[PDB]
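In the form deposited in one PDB entry, a lone chain appears below as structure tokens.
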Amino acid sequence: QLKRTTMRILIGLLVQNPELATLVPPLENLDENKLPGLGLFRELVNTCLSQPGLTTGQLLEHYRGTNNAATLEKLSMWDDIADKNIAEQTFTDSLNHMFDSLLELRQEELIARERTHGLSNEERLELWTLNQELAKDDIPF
């Protein structure tokens, strides 16, 4: 029994359906320290991309001996996300929620930067754009 979080859904669905890795856009330039679980998700995506067609068991075997192995095993047996008909739509929905959460963090970062350092022209336009858009169980993530 695990409560849903965005990153639990993404990592769990990917572990249970490694073919979903092909729907993930590039994550290489994201700061994993901004979002718990993002670093592990990125690792899993890259593992799937390096070995197309791998099974859940083969993906889990690749992570044996890592500090995330026990967490990946739990998520692999998580029945709450087991339904295959809705797996892809759920993955895509949660992918967009992840990026929305990063946009909120970026907006908060730019507000704090503006009070401490002022913003560049590019940053001020970025913050304005973000403001307009806004106007309109031991798993550690």
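Basically, rigid core = biggest C-alpha set you can superpose within 1.5 Å across the two forms. Note that residue numbering begins at 1 and tracks the sequence as displayed.
As for the form deposited in another entry, it is not shown, yet the points below apply to it.
Put simply, after the core is superposed between the shown form and the other one, 81 is the one residue in 98, 59, 81, 40 with a Cα shift of at least 2 angstroms. Core-superposed comparison between the shown form and the other one: the Cα of residue 111 travels 2 Å or more. Core-superposed comparison between the shown form and the other one: the Cα of residue 121 travels 2 Å or more.
Compared with the form shown here, the C-alpha atoms of residue 8 and residue 81 sit at least 3 Å farther apart in that other deposited form.
Cα-Cα spacing of residue 8 to residue 82 is enlarged in that other deposited form versus the present form (difference of at least 3 Å).
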